[PDB]
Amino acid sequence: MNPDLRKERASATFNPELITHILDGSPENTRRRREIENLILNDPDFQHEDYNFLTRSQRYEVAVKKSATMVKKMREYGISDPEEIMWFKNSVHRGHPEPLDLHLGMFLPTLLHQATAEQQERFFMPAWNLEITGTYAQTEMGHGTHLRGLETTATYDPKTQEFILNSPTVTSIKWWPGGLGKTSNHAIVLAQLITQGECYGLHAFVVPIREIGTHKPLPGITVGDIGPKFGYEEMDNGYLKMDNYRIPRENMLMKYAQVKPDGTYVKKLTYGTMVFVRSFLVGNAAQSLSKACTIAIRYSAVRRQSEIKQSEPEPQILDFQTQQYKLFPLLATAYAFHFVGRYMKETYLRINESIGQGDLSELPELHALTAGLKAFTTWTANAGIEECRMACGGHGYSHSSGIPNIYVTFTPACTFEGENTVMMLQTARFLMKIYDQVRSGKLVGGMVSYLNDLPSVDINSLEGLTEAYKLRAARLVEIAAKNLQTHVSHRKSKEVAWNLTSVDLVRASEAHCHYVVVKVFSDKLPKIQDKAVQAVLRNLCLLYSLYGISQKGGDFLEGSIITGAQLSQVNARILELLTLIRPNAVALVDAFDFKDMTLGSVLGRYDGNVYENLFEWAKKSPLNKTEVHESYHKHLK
């Protein structure tokens, strides 16, 4: 390997393999994930020309065959555990999105959970070999966040006992569903149920959209791809227009609501529904940030440029303080998000045990924390990925860095499972609700128990830093509450008040979530058995928290949480941590255990042999298919 990377790995003060165990959950987990990864790696059926060297059409085509192959292979290998299916799918698509995401993630799961025996035989079973391919169509051109505003109608017809699915306007057309564009022949559509002159709200219906065998669109059906996007080249995000399309009455999912043959409309928290409330975007954020950091840091250890001292030769750019400042706080963030994502997993499991005991008390906080962490981590990871890219200089801009694809692939996560701003406002509804409760004399519990200490620190220890974040969260919640009451007590409608306090409310949710990450990171440390590993993660933990304090110094000063002098100490300690982390930077990134193939990066290769490979890469790219480009003869010659 490149002498420069070898030098970095030799300076590491800890064994990176021990951290990999921690990330996967156990040594055993690491082995299994690697085993599954190697199944795809050495399988030529999963190999193909570099995504970036292919047109959009060819990219979608490649994704399709790999997904089709993926299904057959997972069936044959007997991979049923959801975690293992995740690892397997990750290795096959290398973080890239694929056309069977909704089919496997929402279509089959919804049928398995709510469909009747006859329905599953008609819609679930035929999918085993993809005879049937489905997707979930909810979003419309005119409504994404505001569901109640959806326009698709499903009117019951007593005479023929079938539903009439209709897209009355341009805005009503379904828009975005992955696989809806060209892959799926069936789609579970969400529509406003209409029967006996009454609208009963949103209900789901199984609707065939393409003829089996020929894949031609069925009469009354209009489907297609929505066009090119920032990223997602391999995903056929689509649109669906239904011209008073008829389907059997038995195609409605009736586990919760039913429609009798005469048109009469009739009418719990389970482990079943809980699987749907589950989210993996926090882990997704951690992972994407990690990939970017791995690339940027390795490259920064490989790239030599400029000079620190005129007498010495060009140093590694990772020797520059500004370089370390750009990347080490993000590396610490990457780790913080991994621990938070693991905490959430733990919580889901803790919550099921509570539900099984009849205790639904922590559900409100779960839903608020879930919406909050999702927005906090996705936004932070989003910006962090681009910093990593720009930290690589000009080469970061080339697809050979691998970062532009990571960013473009990850960024819509700020939209998935609820707009980030809307989600933060959801977290704020809960924070205000708990605040009002404490106001009326109730002692509250949970991560939000600090509210019991309203109304409104040793900056050197982890405990004092956690406390500082706790106090800052309390302070921002207090500011939002008071400001909210000022509008209300001004005779304004609770709603107008809400809007006029929304910026403040989002900030309260943000502060709350940041405090949660810090506490979770800090709580992790005492549980690390290996002292060397513990020491490094501690430095990363100190950097994450100190850096957050510097980033929003105003929050801590305004609340008199820290003094101006303490802010100076915080800033100084941050610079000191950068160098303490420096000798371990590479090994910390190696611990993420990404294979070159997943990274899709010349610059971030494990071996550090960037330059020779960067040249081969460019020479094999499409514009060099010929020495002279036809445009020459036609317009220049």
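Start at 1 and count along the sequence shown; that's the residue number.
- In the deposited sequence, the stretch from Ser456 to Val457 hides 10 or more residues that have no coordinates.
- Unmodelled residues of the deposited sequence between neighbouring positions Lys267 and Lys268 number 4 to 9.
- Relative to one another, 325-333 and 477-485 have unequal mean CA B-factors, and 477-485 is the one with the higher figure.
- Between the stretches 304-312 and 418-426, it is 304-312 that shows the larger average CA temperature factor.
- Reading the B-factor column for the CA atoms of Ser545, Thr171, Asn284, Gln119 in the entry, the top value corresponds to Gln119.
- Residues shown: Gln114, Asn499, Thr370, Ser398. Highest C-alpha temperature factor in the entry: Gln114.
- For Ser509, the recorded CA B-factor ranks within the lowest third of the chain. Only modelled residues enter the ranking.
- In the PDB entry, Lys470 places in the lowest third of its chain by CA B-factor.
- For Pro44, the recorded CA temperature factor ranks within the highest third of the chain's modelled residues.
- Among all modelled residues in this chain, the alpha-carbon of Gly142 has a temperature factor (C-alpha) in the lowest third.
- The PDB entry assigns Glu576 a C-alpha temperature factor belonging to the lowest third of its chain's modelled residues.
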